[PDB]
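Only one structure is covered here, and it is reproduced in the block below.
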Amino acid sequence: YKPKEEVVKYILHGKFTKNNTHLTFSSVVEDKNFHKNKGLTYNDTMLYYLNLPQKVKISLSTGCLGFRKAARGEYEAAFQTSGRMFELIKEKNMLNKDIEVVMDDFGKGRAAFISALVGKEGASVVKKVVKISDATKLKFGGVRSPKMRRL
Amino acid sequence: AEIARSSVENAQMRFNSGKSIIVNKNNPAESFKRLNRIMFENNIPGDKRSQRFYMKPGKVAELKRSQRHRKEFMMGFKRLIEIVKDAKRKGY
Amino acid sequence: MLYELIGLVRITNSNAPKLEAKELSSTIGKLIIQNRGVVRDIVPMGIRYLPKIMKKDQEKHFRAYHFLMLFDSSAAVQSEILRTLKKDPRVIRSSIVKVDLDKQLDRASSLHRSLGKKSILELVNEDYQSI
Amino acid sequence: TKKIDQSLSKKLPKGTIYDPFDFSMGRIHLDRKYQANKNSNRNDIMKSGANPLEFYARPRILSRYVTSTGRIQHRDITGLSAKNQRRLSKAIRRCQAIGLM
Amino acid sequence: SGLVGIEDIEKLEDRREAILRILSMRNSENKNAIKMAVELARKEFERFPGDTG
Amino acid sequence: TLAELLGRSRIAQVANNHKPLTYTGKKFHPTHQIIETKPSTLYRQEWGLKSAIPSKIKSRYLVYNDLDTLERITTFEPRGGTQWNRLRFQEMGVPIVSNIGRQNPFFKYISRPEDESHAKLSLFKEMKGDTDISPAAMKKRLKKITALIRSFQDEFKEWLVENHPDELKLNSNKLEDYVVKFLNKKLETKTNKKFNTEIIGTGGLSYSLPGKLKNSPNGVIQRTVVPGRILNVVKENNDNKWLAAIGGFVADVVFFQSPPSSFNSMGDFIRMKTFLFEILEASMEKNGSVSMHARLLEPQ
Amino acid sequence: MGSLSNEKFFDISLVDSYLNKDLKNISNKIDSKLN
Amino acid sequence: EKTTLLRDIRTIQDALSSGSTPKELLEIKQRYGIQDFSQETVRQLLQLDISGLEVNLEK
RNA sequence: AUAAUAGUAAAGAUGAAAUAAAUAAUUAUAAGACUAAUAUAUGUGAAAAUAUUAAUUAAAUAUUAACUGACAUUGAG
Ligand SMILES: [K+]
Ligand SMILES: [K+]
Ligand SMILES: [K+]
Ligand SMILES: [K+]
Ligand SMILES: [Mg+2]
Ligand SMILES: [Mg+2]
Ligand SMILES: [Mg+2]
Ligand SMILES: [Mg+2]
Ligand SMILES: [Mg+2]
Ligand SMILES: [Mg+2]
């Protein structure tokens, strides 16, 4: 009956492509009065709690730390960008609830992010991380890719 | 109602994808190593790379034929090495 | 021809989970018996969680009541049943697979045949001679 | 230290006969090398004589032959005959299309 | 060897109706109808019982 | 003729065996026939096989599967160690006893139908003892038998109406009994599994008859003391007894009251020390294993 | 047993003996023996 | 003719076991031609050709 | 692709580059094309071809029994 938005967990998503690394920190917000609403079916309640809304808090790329052009897709650019994210999560008091890490692709920044989170740079965030997962998107047939490059 | 509140835990994990690991708070680097093993046992990195550029069906078939032969050839090679080792052990 | 229908009905009311399934089985059963068909068996499979969240008629679902219906009808009637199931909002997913009767006239449901019971007589004779 | 890793010690079952070699490291290595899932046949429905296509509505049994992501296992891993592998793959694909797997 | 009574006739008529619906040519595959036609044609042309060649 | 001689040759005497020479499962009894060569023949690599065994082999005992193979080698393992297990059992002088008090299998006893009152239990064991049978060869036991049993219908349609007509007109509770007996009575003449491959008694491990006492210079021996080794430092999980390694056999050791303190001290190296045990009894299970029970005699 | 069976689900033996005057020519035979 | 073999054979076996002789039987004695209603008349109404074949094959 | 949402200032590309309230993230909607593992094109098909599911129609295997009695092979046009 009253909006009671509360954070349930945080999602640390990393997209590691060939030319850049994108790191997004989000909050899974849950209106704790949703079940108190009128005209709400058992299915709508279960469907609302199975995919809770998300709000973006921190969005970073390798170009936000001053890496330009070809340097954006390198191991060092990702390692420093991961550090800046782990710092901004502590400077915003967003290290109270559990964090779920979602990795998307297999570029050069995937192993830098993992190294920065299992090392000194991520000794605070790692303590809250509860689940790691992979979200690489594959196609079963799907659209035709571009032709092979003759180099 | 509460019926839709107390039955969300299993429901949440009932629609799993199989690409998730529960982190070991003690050794968090062992959980990332487990996740990497899943990726390699489902050929996720290889499939992603193979989907970047289109390959003609004839070329795809040739590559599949050659790979199978090399896999089978290696199994035959290992079978012969085991015989050699067994023969050596018995003094042949 | 013998056919095996597997339908995933929607569970709208948590209080009456097996309500739309009963209403649907009666609708399908009536079509079969009113068009020279025979209903051999109706095996409920219970409420199960769907492998994923599925959609139907601009609605989403996370669970469904599974049920099997082994029936004998003509090909034309079988297509009519499938058409009605593909249109009913209650049905989330429906499949009709033919059960070959070339070698024997009495075949049990795949579920039962998977457990070693090949004919309905074997199932009935295990409920009378031993029950 | 009064402790040894399980991988470095062999536990001789009860009622079995043993030789002095059974206490050596060679036995440990030999048991690893020749460690195959041969007891699967007796626990493998699809290696018993049943038709895998009768399990298309039983996802729990079919989920034993797919990886964590649902990828059908190669015959080299399942150890099934050509016919059963062919039938099992059809069962899984049909199960996926029905909305059960 | 006797000394559940007998089944109602309506029940025995329904068992017959189920058997005749399951065995109806109008509910079977077209191949079964063709098999019957082949037998009918063979008997109208055969030189003797068992002549199929 | 040459064929007659070959059938009686020493190589023919060895029964065909293709069981893995390298087996890593549970071993309960010998699987291969030990072959022995004399020292003179060993000096000339002669074992009575098809080909000379490599000179590297210094043992005089081996086990083999194939005389020759496509790899142009003999398939053999230079070991004969199951004989020492049998001889060590003989030295422990513990006769094998039946825990069920069954008749001695090595004596031709006059048995009666006391256990034959389970005719329906074992007559159907032929079709129900199919734990590891093919899905269609086991199904050939349904039509092949049905025709054989269906050929005795006329015989049982007359005997039953001539010996027990009342049951045919009253109840089938006794008719089923007359059926089980009929087939068995008409099957004892037949030969279904006339040869039984089950292990007979000890299987040859011991031919010692219980009852004899061991005379010694220090008087009659009342308790057999045998050196052994404790394998685990913690009792078998779910069992109240530890495991010992006595004379090539793994036994269940029962302690008087407490476990000696060397256990905790030694830990996982407990097997490195030798203890004295007393062999209480020895039994034989149907799998062909020996159930040896011991007692950790501790200096007191 | 065939025709003289006690199974609820019998075989064609029973129906054959009926139409062949066997289940009746044996019922009378048994009854005559009882006499 | 709504009359069915099973029903007709259930009247020739009840009338023959109860003594009733409704005119239906006379009609049934015309539907089938079975003038006499005995236990050995229903057995000759339900004879199957297969039975004859089995004896010709033995000869 | 579009819309919403918060969240930002770069993103995308390449050997390196440059041309043309975003990118990324979470939702919702629409469209067309394609068919991951299994998988060996094994197999099937006259060849060309054929591997997401179901159904309908057609064709396709081995042995046995009976039957026809050379009715076959190849094949310009
Ligand atoms: K092919
Ligand atoms: K001729
Ligand atoms: K010609
Ligand atoms: K031509
Ligand atoms: Mg680069
Ligand atoms: Mg282009
Ligand atoms: Mg976007
Ligand atoms: Mg594919
Ligand atoms: Mg080929
Ligand atoms: Mg031609």
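Just so we're on the same page: first chain in the structure tokens is A, next is B, and so on; residues restart at 1 for each chain, and ligands are numbered from 1 in the order they show up.
Using only C-alpha atoms (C1' of nucleotides) and all ligand atoms as the basis for the distance check, residues found within 12 Å of ligand 3 are residues 72, 73, 74 and 75 of chain I.
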Please identify the residues whose atoms come within 12 Å of ligand 2, using only C-alpha atoms (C1' of nucleotides) and all ligand atoms, and report them as a PDB file with N, CA, C and O atoms (P, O5', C5', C4', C3', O3' and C1' of nucleotides), in the first residue's frame.
ATOM      1  P     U I  68       2.523 -71.187 -59.007  1.00  0.00           P
ATOM      2  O5'   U I  68       3.044 -69.958 -59.872  1.00  0.00           O
ATOM      3  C5'   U I  68       2.139 -68.991 -60.379  1.00  0.00           C
ATOM      4  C4'   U I  68       2.864 -67.843 -61.034  1.00  0.00           C
ATOM      5  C3'   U I  68       3.828 -68.212 -62.150  1.00  0.00           C
ATOM      6  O3'   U I  68       3.162 -68.402 -63.389  1.00  0.00           O
ATOM      7  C1'   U I  68       4.830 -66.620 -60.692  1.00  0.00           C
ATOM      8  P     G I  69       3.418 -69.721 -64.267  1.00  0.00           P
ATOM      9  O5'   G I  69       4.887 -69.525 -64.843  1.00  0.00           O
ATOM     10  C5'   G I  69       5.299 -68.281 -65.403  1.00  0.00           C
ATOM     11  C4'   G I  69       6.799 -68.144 -65.368  1.00  0.00           C
ATOM     12  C3'   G I  69       7.551 -69.174 -66.205  1.00  0.00           C
ATOM     13  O3'   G I  69       8.779 -68.614 -66.671  1.00  0.00           O
ATOM     14  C1'   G I  69       8.153 -69.427 -63.951  1.00  0.00           C
ATOM     15  P     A I  70       9.048 -68.409 -68.241  1.00  0.00           P
ATOM     16  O5'   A I  70      10.257 -67.374 -68.290  1.00  0.00           O
ATOM     17  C5'   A I  70      10.121 -66.058 -67.761  1.00  0.00           C
ATOM     18  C4'   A I  70      11.389 -65.255 -67.921  1.00  0.00           C
ATOM     19  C3'   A I  70      12.237 -65.598 -69.145  1.00  0.00           C
ATOM     20  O3'   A I  70      12.876 -64.419 -69.633  1.00  0.00           O
ATOM     21  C1'   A I  70      13.504 -65.958 -67.189  1.00  0.00           C
ATOM     22  P     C I  71      12.238 -63.592 -70.853  1.00  0.00           P
ATOM     23  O5'   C I  71      11.149 -62.658 -70.162  1.00  0.00           O
ATOM     24  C5'   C I  71      11.521 -61.731 -69.156  1.00  0.00           C
ATOM     25  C4'   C I  71      10.325 -61.211 -68.403  1.00  0.00           C
ATOM     26  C3'   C I  71      10.643 -60.398 -67.157  1.00  0.00           C
ATOM     27  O3'   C I  71      10.893 -59.037 -67.461  1.00  0.00           O
ATOM     28  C1'   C I  71       8.913 -61.986 -66.703  1.00  0.00           C
TER      29        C I  71
END
Close residues to ligand 1 using only C-alpha atoms (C1' of nucleotides) and all ligand atoms, limit 10 Å, as JSON, numbers by chain | {"I": [40, 41, 42, 43, 44, 45, 50]}
List the neighbours of region 117-128 of chain A out to 10 Å using only C-alpha atoms (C1' of nucleotides); skip same-chain residues closer than 2 positions along the sequence, and give me the result as a VMD selection string.
-> (chain A and resid 9 to 10 79 to 80 82 to 87 89 to 90 94 to 101 111 to 115 130 to 131) or (chain B and resid 23 to 30 32)
Test item: residues at most 9 Å from residue 2 (chain G), only C-alpha atoms (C1' of nucleotides), excluding those fewer than 5 positions along its chain, as a list in words =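 Using only C-alpha atoms (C1' of nucleotides), the neighbours found are residues 150, 153, 154 and 157 of chain F; 10, 11, 12, 13, 14 and 17 of chain G.
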Store the residues picked out above, limited to C-alpha atoms, as a PDB file, in the first residue's frame.
ATOM      1  CA  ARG F 150       1.954 -75.015 -22.830  1.00  0.00           C
ATOM      2  CA  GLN F 153      -1.522 -78.540 -20.716  1.00  0.00           C
ATOM      3  CA  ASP F 154      -3.186 -81.809 -21.734  1.00  0.00           C
ATOM      4  CA  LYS F 157      -5.838 -81.011 -17.684  1.00  0.00           C
TER       5      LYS F 157
ATOM      6  CA  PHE G  10      -7.757 -65.960 -19.226  1.00  0.00           C
ATOM      7  CA  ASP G  11      -6.548 -66.927 -22.710  1.00  0.00           C
ATOM      8  CA  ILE G  12      -8.353 -68.136 -25.823  1.00  0.00           C
ATOM      9  CA  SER G  13      -8.148 -71.701 -24.490  1.00  0.00           C
ATOM     10  CA  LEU G  14     -11.252 -71.054 -22.388  1.00  0.00           C
ATOM     11  CA  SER G  17     -13.101 -75.202 -25.047  1.00  0.00           C
TER      12      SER G  17
END
Can you check which residues of chain E DSSP gives as alpha helix (DSSP H) on the backbone and send them as a PyMOL selection string?
-> chain E and resi 9-22+30-45
Residue contacts of region 41-52 of chain H (10 Å, only C-alpha atoms (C1' of nucleotides)) excluding same-chain residues fewer than 5 positions away, as a list in words |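 Final neighbour list, sorted by chain and number: residues 16, 18, 19, 20 and 21 of chain G; 5, 8, 9, 10, 12, 13, 32, 33, 34, 35, 36 and 57 of chain H.
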Give the residue list for ligand 8 at 10 Å, counting only C-alpha atoms (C1' of nucleotides) and all ligand atoms, as a PDB file with N, CA and C atoms (P, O5', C5', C4', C3', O3' and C1' of nucleotides), in the first residue's frame, sorted by chain and then by residue number.
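Written output follows (result.pdb):
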ATOM      1  N   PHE A 140      22.029 -20.130 -31.099  1.00  0.00           N
ATOM      2  CA  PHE A 140      21.778 -21.453 -31.666  1.00  0.00           C
ATOM      3  C   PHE A 140      21.319 -21.252 -33.107  1.00  0.00           C
ATOM      4  N   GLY A 141      22.293 -21.130 -34.004  1.00  0.00           N
ATOM      5  CA  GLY A 141      22.011 -20.713 -35.362  1.00  0.00           C
ATOM      6  C   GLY A 141      22.012 -19.202 -35.465  1.00  0.00           C
TER       7      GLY A 141
ATOM      8  P     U I  35      19.878 -23.237 -40.786  1.00  0.00           P
ATOM      9  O5'   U I  35      19.962 -23.743 -39.278  1.00  0.00           O
ATOM     10  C5'   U I  35      21.141 -23.546 -38.505  1.00  0.00           C
ATOM     11  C4'   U I  35      20.912 -23.855 -37.047  1.00  0.00           C
ATOM     12  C3'   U I  35      20.682 -25.328 -36.725  1.00  0.00           C
ATOM     13  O3'   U I  35      21.212 -25.630 -35.433  1.00  0.00           O
ATOM     14  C1'   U I  35      18.779 -24.083 -36.095  1.00  0.00           C
ATOM     15  P     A I  36      22.784 -25.903 -35.241  1.00  0.00           P
ATOM     16  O5'   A I  36      23.118 -25.287 -33.811  1.00  0.00           O
ATOM     17  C5'   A I  36      24.324 -24.570 -33.590  1.00  0.00           C
ATOM     18  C4'   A I  36      24.884 -24.822 -32.211  1.00  0.00           C
ATOM     19  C3'   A I  36      25.067 -26.280 -31.817  1.00  0.00           C
ATOM     20  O3'   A I  36      26.265 -26.834 -32.334  1.00  0.00           O
ATOM     21  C1'   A I  36      24.040 -25.088 -30.042  1.00  0.00           C
ATOM     22  P     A I  37      26.314 -28.359 -32.831  1.00  0.00           P
ATOM     23  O5'   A I  37      26.503 -29.197 -31.491  1.00  0.00           O
ATOM     24  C5'   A I  37      27.588 -28.943 -30.609  1.00  0.00           C
ATOM     25  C4'   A I  37      27.277 -29.434 -29.219  1.00  0.00           C
ATOM     26  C3'   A I  37      26.943 -30.916 -29.109  1.00  0.00           C
ATOM     27  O3'   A I  37      28.103 -31.718 -28.964  1.00  0.00           O
ATOM     28  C1'   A I  37      25.289 -29.638 -27.988  1.00  0.00           C
ATOM     29  P     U I  38      28.651 -32.600 -30.189  1.00  0.00           P
ATOM     30  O5'   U I  38      27.792 -33.936 -30.116  1.00  0.00           O
ATOM     31  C5'   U I  38      27.598 -34.619 -28.887  1.00  0.00           C
ATOM     32  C4'   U I  38      26.246 -35.281 -28.847  1.00  0.00           C
ATOM     33  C3'   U I  38      25.936 -36.203 -30.017  1.00  0.00           C
ATOM     34  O3'   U I  38      26.437 -37.512 -29.801  1.00  0.00           O
ATOM     35  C1'   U I  38      24.121 -34.710 -29.660  1.00  0.00           C
ATOM     36  P     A I  39      26.934 -38.430 -31.021  1.00  0.00           P
ATOM     37  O5'   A I  39      27.889 -37.484 -31.870  1.00  0.00           O
ATOM     38  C5'   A I  39      28.710 -38.016 -32.905  1.00  0.00           C
ATOM     39  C4'   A I  39      28.968 -36.995 -33.983  1.00  0.00           C
ATOM     40  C3'   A I  39      29.336 -35.607 -33.474  1.00  0.00           C
ATOM     41  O3'   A I  39      30.237 -34.978 -34.386  1.00  0.00           O
ATOM     42  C1'   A I  39      27.308 -35.492 -34.691  1.00  0.00           C
ATOM     43  P     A I  51      18.643 -30.650 -42.944  1.00  0.00           P
ATOM     44  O5'   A I  51      19.211 -31.587 -41.789  1.00  0.00           O
ATOM     45  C5'   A I  51      18.361 -32.488 -41.096  1.00  0.00           C
ATOM     46  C4'   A I  51      18.856 -32.759 -39.696  1.00  0.00           C
ATOM     47  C3'   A I  51      19.247 -31.533 -38.867  1.00  0.00           C
ATOM     48  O3'   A I  51      18.202 -31.106 -38.009  1.00  0.00           O
ATOM     49  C1'   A I  51      20.814 -33.353 -38.598  1.00  0.00           C
ATOM     50  P     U I  52      17.860 -29.545 -37.854  1.00  0.00           P
ATOM     51  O5'   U I  52      17.139 -29.453 -36.438  1.00  0.00           O
ATOM     52  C5'   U I  52      17.798 -29.876 -35.254  1.00  0.00           C
ATOM     53  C4'   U I  52      16.933 -29.667 -34.037  1.00  0.00           C
ATOM     54  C3'   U I  52      15.575 -30.354 -34.065  1.00  0.00           C
ATOM     55  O3'   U I  52      15.642 -31.714 -33.671  1.00  0.00           O
ATOM     56  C1'   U I  52      15.296 -28.097 -33.434  1.00  0.00           C
TER      57        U I  52
END
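Between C1' of residue 67 (chain I) and CA of residue 40 (chain E) there is a distance of 16.8 Å.
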Could you tell me, counting only C-alpha atoms (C1' of nucleotides) and all ligand atoms, which protein and nucleic acid residues lie no more than 9 Å from ligand 7, written as a PyMOL selection string?
-> chain I and resi 22-25
Can you spit out the residues from that selection as a PDB file, in the first residue's frame, using C-alpha atoms (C1' of nucleotides)?
ATOM      1  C1'   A I  22      25.107   7.494 -26.044  1.00  0.00           C
ATOM      2  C1'   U I  23      27.850   2.784 -25.014  1.00  0.00           C
ATOM      3  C1'   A I  24      27.239  -0.861 -21.077  1.00  0.00           C
ATOM      4  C1'   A I  25      23.315  -2.638 -17.530  1.00  0.00           C
TER       5        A I  25
END
Counting only C-alpha atoms, collect the residues of chain A whose closest atom lies at most 8 Å from chain C, and write them out as a PyMOL selection string.
-> chain A and resi 42-43+47
Applying 8 Å and only C-alpha atoms (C1' of nucleotides), which residues near residue 90 (chain B) remain after dropping the ones on its own chain fewer than 3 positions away? List them as a PDB file with N, CA and C atoms, in the first residue's frame.
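Writing the result to part13.pdb gives the following:
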ATOM      1  N   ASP B  86      53.647 -51.616 -21.382  1.00  0.00           N
ATOM      2  CA  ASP B  86      53.381 -52.949 -20.850  1.00  0.00           C
ATOM      3  C   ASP B  86      54.417 -53.948 -21.344  1.00  0.00           C
ATOM      4  N   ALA B  87      54.744 -53.895 -22.637  1.00  0.00           N
ATOM      5  CA  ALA B  87      55.743 -54.806 -23.180  1.00  0.00           C
ATOM      6  C   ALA B  87      57.102 -54.574 -22.534  1.00  0.00           C
TER       7      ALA B  87
ATOM      8  N   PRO F  54      60.171 -63.485 -21.609  1.00  0.00           N
ATOM      9  CA  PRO F  54      61.390 -62.669 -21.604  1.00  0.00           C
ATOM     10  C   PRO F  54      62.295 -62.987 -20.420  1.00  0.00           C
ATOM     11  N   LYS F  56      63.979 -61.116 -18.624  1.00  0.00           N
ATOM     12  CA  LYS F  56      63.880 -60.192 -17.500  1.00  0.00           C
ATOM     13  C   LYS F  56      63.104 -60.799 -16.339  1.00  0.00           C
ATOM     14  N   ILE F  57      62.167 -61.700 -16.624  1.00  0.00           N
ATOM     15  CA  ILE F  57      61.337 -62.283 -15.578  1.00  0.00           C
ATOM     16  C   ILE F  57      62.187 -63.233 -14.745  1.00  0.00           C
ATOM     17  N   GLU F  77      51.239 -61.809 -16.385  1.00  0.00           N
ATOM     18  CA  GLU F  77      51.730 -61.007 -15.278  1.00  0.00           C
ATOM     19  C   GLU F  77      52.611 -61.900 -14.411  1.00  0.00           C
ATOM     20  N   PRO F  78      53.872 -61.525 -14.164  1.00  0.00           N
ATOM     21  CA  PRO F  78      54.795 -62.409 -13.430  1.00  0.00           C
ATOM     22  C   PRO F  78      54.549 -62.398 -11.926  1.00  0.00           C
TER      23      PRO F  78
END
Select all residues from chain D having any atom no more than 12 Å from an atom of chain C (counting only C-alpha atoms, ignoring ligands), output as a VMD selection string.
-> chain D and resid 45 to 46 48 to 63 70 91 94 to 101
Export, as an mmCIF file, in the first residue's frame, the selected residues with N, CA, C and O atoms.
data_model
loop_
_atom_site.group_PDB
_atom_site.id
_atom_site.type_symbol
_atom_site.label_atom_id
_atom_site.label_comp_id
_atom_site.auth_asym_id
_atom_site.auth_seq_id
_atom_site.Cartn_x
_atom_site.Cartn_y
_atom_site.Cartn_z
ATOM 1 N N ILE D 45 20.232 -46.846 -16.939
ATOM 2 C CA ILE D 45 19.000 -47.327 -17.558
ATOM 3 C C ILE D 45 19.200 -47.530 -19.053
ATOM 4 O O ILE D 45 18.753 -48.531 -19.627
ATOM 5 N N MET D 46 19.874 -46.586 -19.709
ATOM 6 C CA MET D 46 20.026 -46.633 -21.158
ATOM 7 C C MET D 46 20.970 -47.735 -21.620
ATOM 8 O O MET D 46 21.021 -48.015 -22.822
ATOM 9 N N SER D 48 20.653 -50.819 -20.268
ATOM 10 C CA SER D 48 19.963 -51.987 -19.741
ATOM 11 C C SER D 48 19.098 -52.685 -20.772
ATOM 12 O O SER D 48 18.813 -53.873 -20.618
ATOM 13 N N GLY D 49 18.686 -51.979 -21.820
ATOM 14 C CA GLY D 49 17.780 -52.511 -22.818
ATOM 15 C C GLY D 49 16.510 -51.716 -23.005
ATOM 16 O O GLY D 49 15.761 -51.991 -23.955
ATOM 17 N N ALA D 50 16.226 -50.744 -22.147
ATOM 18 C CA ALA D 50 15.068 -49.892 -22.349
ATOM 19 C C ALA D 50 15.282 -48.997 -23.561
ATOM 20 O O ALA D 50 16.413 -48.703 -23.956
ATOM 21 N N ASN D 51 14.174 -48.567 -24.159
ATOM 22 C CA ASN D 51 14.223 -47.660 -25.295
ATOM 23 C C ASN D 51 14.311 -46.237 -24.758
ATOM 24 O O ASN D 51 13.370 -45.782 -24.091
ATOM 25 N N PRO D 52 15.402 -45.503 -25.004
ATOM 26 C CA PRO D 52 15.505 -44.145 -24.446
ATOM 27 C C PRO D 52 14.379 -43.224 -24.865
ATOM 28 O O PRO D 52 14.150 -42.209 -24.196
ATOM 29 N N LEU D 53 13.662 -43.541 -25.941
ATOM 30 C CA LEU D 53 12.611 -42.657 -26.421
ATOM 31 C C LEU D 53 11.360 -42.715 -25.557
ATOM 32 O O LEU D 53 10.491 -41.846 -25.689
ATOM 33 N N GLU D 54 11.248 -43.712 -24.682
ATOM 34 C CA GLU D 54 10.136 -43.794 -23.746
ATOM 35 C C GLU D 54 10.316 -42.884 -22.538
ATOM 36 O O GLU D 54 9.407 -42.801 -21.706
ATOM 37 N N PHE D 55 11.457 -42.203 -22.425
ATOM 38 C CA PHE D 55 11.745 -41.317 -21.304
ATOM 39 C C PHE D 55 11.654 -39.849 -21.699
ATOM 40 O O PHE D 55 12.189 -38.987 -20.995
ATOM 41 N N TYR D 56 10.986 -39.545 -22.813
ATOM 42 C CA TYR D 56 10.920 -38.166 -23.282
ATOM 43 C C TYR D 56 10.074 -37.289 -22.372
ATOM 44 O O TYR D 56 10.172 -36.060 -22.451
ATOM 45 N N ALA D 57 9.247 -37.886 -21.513
ATOM 46 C CA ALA D 57 8.436 -37.147 -20.556
ATOM 47 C C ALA D 57 8.942 -37.314 -19.127
ATOM 48 O O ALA D 57 8.202 -37.053 -18.174
ATOM 49 N N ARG D 58 10.194 -37.745 -18.963
ATOM 50 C CA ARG D 58 10.816 -37.946 -17.656
ATOM 51 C C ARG D 58 12.136 -37.182 -17.620
ATOM 52 O O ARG D 58 13.218 -37.783 -17.684
ATOM 53 N N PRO D 59 12.084 -35.852 -17.521
ATOM 54 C CA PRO D 59 13.322 -35.059 -17.586
ATOM 55 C C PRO D 59 14.373 -35.461 -16.570
ATOM 56 O O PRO D 59 15.568 -35.261 -16.823
ATOM 57 N N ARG D 60 13.974 -36.012 -15.423
ATOM 58 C CA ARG D 60 14.958 -36.335 -14.395
ATOM 59 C C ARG D 60 15.937 -37.394 -14.884
ATOM 60 O O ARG D 60 17.143 -37.293 -14.637
ATOM 61 N N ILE D 61 15.438 -38.421 -15.573
ATOM 62 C CA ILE D 61 16.326 -39.444 -16.114
ATOM 63 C C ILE D 61 17.169 -38.873 -17.246
ATOM 64 O O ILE D 61 18.372 -39.141 -17.338
ATOM 65 N N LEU D 62 16.556 -38.081 -18.128
ATOM 66 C CA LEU D 62 17.289 -37.529 -19.261
ATOM 67 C C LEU D 62 18.372 -36.556 -18.812
ATOM 68 O O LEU D 62 19.416 -36.452 -19.464
ATOM 69 N N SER D 63 18.148 -35.841 -17.709
ATOM 70 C CA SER D 63 19.126 -34.875 -17.221
ATOM 71 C C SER D 63 20.423 -35.523 -16.759
ATOM 72 O O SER D 63 21.357 -34.799 -16.400
ATOM 73 N N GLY D 70 22.962 -28.210 -20.263
ATOM 74 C CA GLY D 70 22.002 -28.911 -21.089
ATOM 75 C C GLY D 70 22.548 -29.463 -22.386
ATOM 76 O O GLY D 70 21.758 -29.878 -23.240
ATOM 77 N N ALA D 91 15.153 -38.221 -27.760
ATOM 78 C CA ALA D 91 14.320 -38.040 -26.577
ATOM 79 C C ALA D 91 14.580 -36.686 -25.929
ATOM 80 O O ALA D 91 13.640 -35.976 -25.551
ATOM 81 N N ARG D 94 13.185 -33.879 -28.130
ATOM 82 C CA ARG D 94 11.733 -33.839 -28.003
ATOM 83 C C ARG D 94 11.322 -33.290 -26.644
ATOM 84 O O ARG D 94 10.381 -32.495 -26.548
ATOM 85 N N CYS D 95 12.012 -33.706 -25.581
ATOM 86 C CA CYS D 95 11.697 -33.198 -24.252
ATOM 87 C C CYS D 95 11.863 -31.685 -24.193
ATOM 88 O O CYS D 95 11.043 -30.985 -23.589
ATOM 89 N N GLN D 96 12.921 -31.163 -24.816
ATOM 90 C CA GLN D 96 13.142 -29.720 -24.818
ATOM 91 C C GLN D 96 12.019 -28.992 -25.542
ATOM 92 O O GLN D 96 11.594 -27.911 -25.117
ATOM 93 N N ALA D 97 11.523 -29.564 -26.639
ATOM 94 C CA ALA D 97 10.478 -28.908 -27.413
ATOM 95 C C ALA D 97 9.134 -28.937 -26.700
ATOM 96 O O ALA D 97 8.303 -28.050 -26.919
ATOM 97 N N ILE D 98 8.902 -29.937 -25.850
ATOM 98 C CA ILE D 98 7.626 -30.030 -25.150
ATOM 99 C C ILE D 98 7.555 -29.021 -24.012
ATOM 100 O O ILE D 98 6.460 -28.632 -23.591
ATOM 101 N N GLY D 99 8.698 -28.584 -23.501
ATOM 102 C CA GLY D 99 8.749 -27.664 -22.392
ATOM 103 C C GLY D 99 9.005 -28.304 -21.049
ATOM 104 O O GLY D 99 8.579 -27.752 -20.029
ATOM 105 N N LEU D 100 9.689 -29.446 -21.014
ATOM 106 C CA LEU D 100 9.966 -30.167 -19.780
ATOM 107 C C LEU D 100 11.433 -30.144 -19.386
ATOM 108 O O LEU D 100 11.740 -30.226 -18.196
ATOM 109 N N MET D 101 12.338 -30.037 -20.353
ATOM 110 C CA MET D 101 13.771 -30.056 -20.083
ATOM 111 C C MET D 101 14.390 -28.705 -20.415
ATOM 112 O O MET D 101 15.066 -28.094 -19.588
#
Within 10 Å of ligand 6, counting only C-alpha atoms (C1' of nucleotides) and all ligand atoms, which protein or nucleic acid residues do you find, written as number ranges by chain?
-> A: 145-147
Using only C-alpha atoms (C1' of nucleotides), determine which residues lie at most 12 Å from residue 145 (chain F), disregarding the query and same-chain residues fewer than 2 positions distant; provide the list as a list in words.
-> residues 124, 126, 127, 138, 139, 140, 141, 142, 143, 147, 148, 149, 150, 151, 152, 183, 187 and 192 of chain F
Can you check which residues of chain G have any atom within 10 Å of chain E? Use only C-alpha atoms and format it as a ChimeraX atom specification.
-> /G:4,6,27
File of the preceding selection, C-alpha atoms, as a PDB file, in the first residue's frame:
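Okay, part_36.pdb is ready:
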ATOM      1  CA  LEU G   4      -9.496 -75.071 -16.393  1.00  0.00           C
ATOM      2  CA  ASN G   6      -8.644 -69.588 -12.306  1.00  0.00           C
ATOM      3  CA  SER G  27     -17.927 -80.312 -16.127  1.00  0.00           C
TER       4      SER G  27
END
